[PDB]
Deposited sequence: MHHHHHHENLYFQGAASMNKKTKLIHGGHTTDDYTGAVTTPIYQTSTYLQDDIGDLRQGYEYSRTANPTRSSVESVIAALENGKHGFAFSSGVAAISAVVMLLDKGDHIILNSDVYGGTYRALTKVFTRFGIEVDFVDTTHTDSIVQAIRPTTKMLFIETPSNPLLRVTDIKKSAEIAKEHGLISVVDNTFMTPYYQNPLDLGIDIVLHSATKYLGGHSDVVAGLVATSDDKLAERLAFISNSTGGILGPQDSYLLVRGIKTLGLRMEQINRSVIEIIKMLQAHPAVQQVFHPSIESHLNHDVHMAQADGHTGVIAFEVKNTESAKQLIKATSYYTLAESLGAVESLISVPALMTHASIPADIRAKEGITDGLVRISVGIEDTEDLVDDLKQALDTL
């Protein structure tokens, strides 16, 4: 069964009782028992488990809540390894919340697999990896990270948001736990805040169930329905997005006002071979450098189809400046040391017409 077919018929998204072709929305809190588990959420959990070739699905009220639940698998004193370019909510939550509970985090450049091995302490219990990462799209060898984690008794976790289960399946490569900010591509319509988590480990799933039930970050039934609905067009949107990405990159790495381009499809990109060995396609997130901050602001204004926004994975294309929005708290020269130059622009390719998206960026790049 090919990929686009699995999105329509994978999982259980119908009603056995009435034959309804869509999951009923169970706005309800209690269920009567004949004598002395929301079905809408059970449907979306069934979908993510199917799409990731897992056995168990979990739906949280946000990607942040999904990550928080996974971290709570550890106790005080345990160490977790992350890719060093993590930022945003994940870095913020681990360093400013979970360290207060004795959970210690060590950031590691995981683009080199052996860096993970050097960082393993006797108290390390979890290896958490984003690939590709944000905003420079560093690629990490999923299959080797799984082998390292298994050989050292580590719970392996991959944030698969940027690739979606349509292009990258970490569970197939031996990873223990895969998770998504379903707010992005999975929902795909900028109208659901949600997290999704899949696993095949019976015992890890049981621990995840207890944590979720004891900390209460559950996804509501209305959001669960909108998630299932949006996932049904995941393959059509990702393929359209991938089509535009290839053409936009060709435009980008040929325009005089564009210096460096960051995307795993580029052959000179670090670990480009590794990405192709673990993925079927590409994320819609691209980063590129213009001359300076002044040019980046002009680019956003001259652009007609790129909306200035912070998120990604929408139907409409999004544009942003990391150095001005997500990394304005980091000192200016530390930004440069890690690549977040003042003229670095990030775009999230939507599902508009490919030629419209290529020409709109060029006519704006021509204004510099």
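Residues of the deposited sequence lacking C-alpha coordinates, counted from 1, fall in the stretches 1-17, 54-65.
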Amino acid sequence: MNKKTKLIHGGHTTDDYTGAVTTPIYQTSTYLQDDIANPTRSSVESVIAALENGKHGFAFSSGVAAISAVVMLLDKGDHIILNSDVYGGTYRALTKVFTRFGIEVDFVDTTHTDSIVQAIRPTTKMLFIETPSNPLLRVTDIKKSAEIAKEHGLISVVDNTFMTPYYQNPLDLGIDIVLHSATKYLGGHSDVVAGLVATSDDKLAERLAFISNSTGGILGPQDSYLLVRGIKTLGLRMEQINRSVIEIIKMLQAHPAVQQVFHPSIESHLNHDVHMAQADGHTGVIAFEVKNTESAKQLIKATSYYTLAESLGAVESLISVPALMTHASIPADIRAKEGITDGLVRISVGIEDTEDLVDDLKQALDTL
From here on, numbers count along this sequence of modelled residues.
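According to the PDB record, 81-89 carries the higher mean C-alpha B-factor of the two stretches 185-193 and 81-89. Of the two segments, 60-68 and 332-340, the one listed with the higher mean B-factor is 332-340 (C-alpha atoms only).
Of the candidates 201, 223, 130, 109, the one whose C-alpha carries the top B factor in the deposited record is 109. Per the PDB record, 30 has a higher Cα B-factor than any other of 307, 30, 38, 53. When all modelled residues of the chain are sorted by CA temperature factor, residue 267 is found within the highest third.
Residue 159: CA B factor in the lowest third of modelled residues in this chain (values from the PDB entry). When all modelled residues of the chain are sorted by CA temperature factor, residue 117 is found within the middle third. Among the modelled residues of its chain, residue 229 has a C-alpha B-factor that falls in the lowest third, as given in the PDB entry. Per the deposited record, the Cα B-factor of residue 284 falls in the lowest third when ranked against the other modelled residues of its chain.
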